[PDB]
Amino acid sequence: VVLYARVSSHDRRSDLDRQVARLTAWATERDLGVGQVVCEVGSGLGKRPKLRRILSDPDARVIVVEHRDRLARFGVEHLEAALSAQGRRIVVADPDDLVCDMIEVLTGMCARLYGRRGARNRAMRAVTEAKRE
Amino acid sequence: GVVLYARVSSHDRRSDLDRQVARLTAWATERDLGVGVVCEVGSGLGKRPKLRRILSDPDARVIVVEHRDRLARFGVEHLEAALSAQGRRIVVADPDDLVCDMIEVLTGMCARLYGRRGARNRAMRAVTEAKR
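Heads up: the sequence lines are chains A and B, in that order.
In terms of PDB author numbering, the first sequence is residues 52 to 96, 98 to 147, 152 to 189.
In terms of PDB author numbering, the second sequence is residues 51 to 86, 88 to 96, 98 to 147, 152 to 188.
Below, the structure written as structure tokens:
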């Protein structure tokens with residue numbers, strides 16, 4: 052059983068404590084041995101070698117996250133599908153990086169569309185225009 | 051035991067599905083390989101039951117796509133990692153619906169942030185400001 056915590060920037064390091072706490076409360080409630088309480092700083096979309105190692109290890113039968121979005125902002129249903137085939141599963145212990157994730161999405165999508173030069177400045181004016189209504 | 055997989059966002063792009071099936075069978079015939088071509092209409096992220105069925109089937113050892121982004125706009129490296137553990141892999145035959157995916161993403165992210173009411177109109181002004 053792997054307990055897994057994620058945060059976008061090393062500014063949100065206190066949310067990693069709120070995650071580890073809720074995750075060990077989860078584990079102790081079912082008096083379960085924990086092999087790995089894994090804390091990662093990385094993109095909800098960019099490389100995450102701690103989660104790569106966890107997903108590539110067939111021994112990590114149960115992967116416990118606080119919310120679904122900590123494992124991935126997109127594609128979790130597909131990861132669950134791939135894991136299911138190997139009798140491994142993702143557990144969600146409870147049913152905010154989103155605005156920062158809106159910028160990293162738009163940056164990458166702007167880079168591909170109009171070139172990397174100023175792609176983040178484009179994404180910044182865009183995240184801004186999507187605030188008025 | 052090789053799955054050829056083709057994806058398109060809207061059933062308006064059904065011509066880009068022909069370009070994928072063609073390139074995918076050219077790929078398979080070059081290595082004289084038996085094919086067990089899956090064509091899907093769906094989100095580069098939203099539900100895709102054809103890919104779910106493929107990923108949940110352990111017999112699908114090789115999953116062939118035209119470009120990485122046809123399997124998923126995000127998270128492909130993690131899918132590859134999970135599959136690798138079961139000796140299964142994703143093959144990419146070649147190294152845009154992106155703008156339609158930029159709206160799809162910003163809508164959902166706007167709906168979570170400021171409420172679903174007008175969330176697509178917010179995403180639309182945003183996808184527009186990122187064009188100058």
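From the three backbone atoms N, C-alpha and C, an ideal C-beta is built for every residue, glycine too.
- Annotation: the continuous alpha helix (DSSP H) that includes residue 133(A) extends over 128-136.
- Annotated as distal: residue 133(A) and residue 53(A), with beta-carbon spacing of 7 angstroms or more.
- DSSP places residue 161(B) outside any beta strand (DSSP E); the residue lies instead in the alpha helix (DSSP H), whose first and last residues are 154-170.
- Assignment of beta-bridge partners to residue 54(A) by DSSP yields 88(A) and 116(A).
- In the structure shown, the three-state DSSP call for residue 181(B) is helix.
- Between residue 67(B) and chain A, the shortest Cβ-Cβ separation is not below 7 angstroms.
- Annotation: the continuous beta strand (DSSP E) that includes residue 141(A) extends over 141-144.
- Inter-segment contact for the stretch 135-144 of chain A and the stretch 158-178 of chain A is absent: fewer than three beta-carbon pairs are separated by less than 8 angstroms.
- Annotation: residue 181(B) to residue 92(B) spans about 26 angstroms, alpha carbon to alpha carbon.
- Residues of the stretch 161-172 of chain A whose Cβ lies closer than 7 angstroms to any Cβ of chain B, in chain order: 161, 162, 165, 166, 168 and 169.
- Counted as a single uninterrupted DSSP element, the stretch harbouring residue 109(A) is not any alpha helix (DSSP H), since DSSP gives it neither H nor E.
- Taking a Cβ-Cβ threshold of 7 angstroms, none of the residues of chain A is close to residue 54(B); the smallest such distance is about 18 angstroms.
- Residue 153(B) does not reach chain A, its nearest Cβ partner there being about 11 angstroms away, counting only Cβ pairs nearer than 7 angstroms.
- Setting aside the 5 residues that flank it on each side, residue 71(B) is surrounded in the same chain by 54, 56, 88 and 90, each with a C-beta closer than 8 angstroms to its C-beta; the list follows chain order.
- For residue 74(A), the uninterrupted alpha helix (DSSP H) run begins and ends at 66-80, by DSSP.
- In this structure, residue 152(B) lies away from residue 118(B), with their beta-carbon atoms at least 7 angstroms apart.
- The beta carbon of residue 120(A) lies closer than 6 angstroms to those of 128 and 144 in the same chain, with the five residues before and after it left out.
- Contact annotation, residue 189(A) with residue 178(B): C-beta distance approximately 6 angstroms; criterion of less than 8 angstroms satisfied.
- Residue contact check for residue 101(B) against chain A: no CB pair falls below 7 angstroms.
- Here residue 171(A) is exposed. Its C-beta has fewer than 16 other C-beta atoms within 10 Å.
- Here DSSP, grouped into helix, strand and coil, assigns residue 186(A) to coil.
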